[PDB]
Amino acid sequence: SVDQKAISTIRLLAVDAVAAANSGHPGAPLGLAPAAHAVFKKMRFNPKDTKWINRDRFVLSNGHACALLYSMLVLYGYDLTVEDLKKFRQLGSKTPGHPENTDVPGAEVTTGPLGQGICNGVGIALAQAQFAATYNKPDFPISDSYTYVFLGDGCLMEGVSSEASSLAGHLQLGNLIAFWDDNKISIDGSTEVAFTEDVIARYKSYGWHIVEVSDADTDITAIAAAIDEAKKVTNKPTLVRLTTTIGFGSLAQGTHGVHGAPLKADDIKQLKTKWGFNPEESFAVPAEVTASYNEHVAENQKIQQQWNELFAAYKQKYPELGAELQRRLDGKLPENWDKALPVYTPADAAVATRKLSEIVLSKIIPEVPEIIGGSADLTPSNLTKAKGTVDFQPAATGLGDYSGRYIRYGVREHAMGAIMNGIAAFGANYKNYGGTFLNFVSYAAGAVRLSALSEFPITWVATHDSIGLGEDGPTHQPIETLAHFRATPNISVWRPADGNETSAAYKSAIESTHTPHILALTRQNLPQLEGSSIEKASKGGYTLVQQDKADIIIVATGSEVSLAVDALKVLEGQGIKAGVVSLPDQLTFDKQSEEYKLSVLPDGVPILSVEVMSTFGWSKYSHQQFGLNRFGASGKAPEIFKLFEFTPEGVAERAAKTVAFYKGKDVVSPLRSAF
C-alpha cells in the first residue's frame, strides 16, 4: 500500500541522512516512522504557512530522533529539501543534529536536551486553551488545535517531565496528546538496568488518559484510533504507549548500538531490499508517497482557507476582539501600551523592586491581554499576581477558568521555564512570565538556556536577589547566578535599582521578540534615585551622577546603586570626586553604540564596580571589582551587608584604594580591547 511505502520512505530517508553524515541517531526514527506517518496524517498544518495560528503543533521531545522530523518536513513540502537532508549534521545546514526552531522550518521548539519538549508541549497546550477561552465564540472556533508530542524513555526519566506532567494533568489539558516510544532501550542498554517503574500507572496518578498500542511497529490503524480516542477525552491529557522496536528492520534492531550511530552499509542494503527499495539508491522519494502527502496538504490548505474566512466573519461579528486578535497575529503590542508603566520621582517612598514589579504588572496586565504568567508556589513572596485577576484553571475545579491569566505552577521551576518556552512558541504575541527566587532560577537552567538559544521572549520574575533577603540564609542567597546567565548568549539580565529602572526593565521584557529576560528583584526596600528615568535606564547602562572632574567612576546595579551614591558622599569628605553609573542590563548596554558606551565608561578615569555577588563579567565595565565571591549568611540583611563591608564606608575605602592604585598610570576605558 501507499501507507506502507510512505513508512519505508521515511525510515530510509532517516537512515540515509545519518549515513551521509556518518553521525546521528537512526534507531528511534526507524521505530517511530509508523507513528509519525499516522500522526502527521491526522494533523492540520500548512507547509507554506508555518505560523497559521490554528495549526496542530508537533513536538519531537526525543530530539536526537530529528532525522525522522526532517524526513516528515521534506516529504510534506516544507522549506526543507532532500538536498538539505544530504547535509544533515553539516556545518551551516538547515538540518542540524538536534532541531532548532530558529533554523528549521516546522520545528516549533528546540529539543535535544531530554525532557524539554514534552514540557514545551504542555506550554503550547496551555496557551491554546487560554487563547481559545479568550477568543472563541458560538459558531467561531477560532482556536481548536491539538498538541502532539513524541517522547522516549529518556524524557520520562528527566524530572522536568514529571513536573510538567503532574501540572498538565491537574490542568485537564485535553488537547495534549503525547506518545511514549516504549522501546525499552536507552544509551546504557535495557531500561531494566535503571528504569523499571510502571510508567502507565504513574501517568494515571497524574490524571492522564492512557491508550496502549501493543504493535506500534506496524499497526497504524491502532495509532490513528488512539488519536481519535484521545480527542474524545476532553478533560485529560493523553499518553499513547507505542510499543516499538528501536531500529525496527535493522539487523541490529532492539539494541543500544542502533540508538546513536550510523548503521552498517550492508544493513542499509538489506533494509532497502526487504522494503522493495533499490539498495543502490539513497534518498529515494517515491512519487506515490509525494502524491499521497500532497493530497493531505491540499486538504489542510482548504481548512486554513476556511479558517481565514471564519476569522474575517469573526471580525465583523466581534469587532473589538477581532481587532485585538489581528494585532496579536501581526506581532504588535497595543499602541502606547507603555504609557501605563509607572513613573517615580526622588520624592517618592522607598519600595522593594519585587513590590515595584507587582505595581507594574497591576498596571500593564489590564492593558496588554497577551500577558499571562505565574509563580512556582511563591505568589505572595514574588508578588506576581495582579489583584482581581482570575487563575488559569479548568472551570471544573471551581478555582479559575481557562480564560484566566495567572498560573499556579507549584514547586516546579524547571517545568515552569520549559512551559514558558511553549507558551512563547504558541505565538499570538504571548508575553509570558514566571516567578521564583533568583537562586532557584538555577533549578531551571536546562530550560532557561533553551529560551536563549530558541530566541523566546519569556520573562523570569526573580525576586530575593541577594544577601538582602536576610534570614533564609546562604542556601537562598545568589552568588554565581547572574554571572551564569549573563555568560549565556542572548539573556537580558535586568537588576533594576528603583521604580523608574523597574519600569524600563518591564518595557524591555514585554517589547522583546527574540531575547529572554531575567528580572533580578529585591526583597528589601530601595530608595528612588536622583537621576533615574525610564528613558535613561532603557539604554541598559547610563550615567546616574555625572562628575566632570571625576577621580573615579563607580558602576553598580540594583541595590548597590544607592550604596554607590552614599559612598560618593563619604568620598567627597575624603577629597575624592566620584561619578556613578547604573548598569541595569549589561546585554542592553552592550548593544548600544560604541560612542554611547564610551560616554558612560570613558577613558582616563579608574572605574570600580559594586554588586553584592560574583565579580565575574565585571571587568568588561571596570578596572577593579568589589563583589561577593563567597557564600552568604543567615541573619538580618543589614547585618550581612555590614559583615561583608557593603557599606558606604566600605565602598569608599575600596574607591580610595582604587584611585591610589592608578596614581601615575594611564587608564583607558574597560570597553577598549586589542581585538
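Between two forms, the rigid core is defined as the largest C-alpha subset superposing within 1.5 Å. Don't overthink the numbering: it's just position in the shown sequence, from 1.
Superposing each structure in 7 other deposited structures of this protein on the rigid core shows that the farther-lying of 524-532 and 371-379, by root-mean-square Cα distance, is 371-379. Here 381-389 and 318-326 are scored by the root mean square distance of their C-alpha atoms in 7 other deposited structures of this protein, with each structure fitted by the rigid core; the higher score goes to 381-389. Comparing 593-601 with 475-483, the stretch with the higher mean C-alpha B-factor in the PDB entry is 593-601.
Here the stretch with the larger average CA B-factor, out of 571-579 and 135-143, is 571-579. Note on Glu158, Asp465, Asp215, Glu413: the highest value goes to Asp215, judged by CA B factor as recorded. Take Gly117, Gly373, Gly388, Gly417 and read off each C-alpha B-factor from the entry; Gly388 has the highest. Among all modelled residues in this chain, the alpha-carbon of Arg405 has a temperature factor (C-alpha) in the middle third. Ranked by C-alpha B-factor against the other modelled residues of its chain, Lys272 falls in the highest third. For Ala230, the recorded CA B-factor ranks within the highest third of the chain. Only modelled residues enter the ranking. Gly63: CA B factor in the lowest third of modelled residues in this chain (values from the PDB entry). Sorting the modelled residues of the chain by their CA temperature factor places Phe644 in the highest third.
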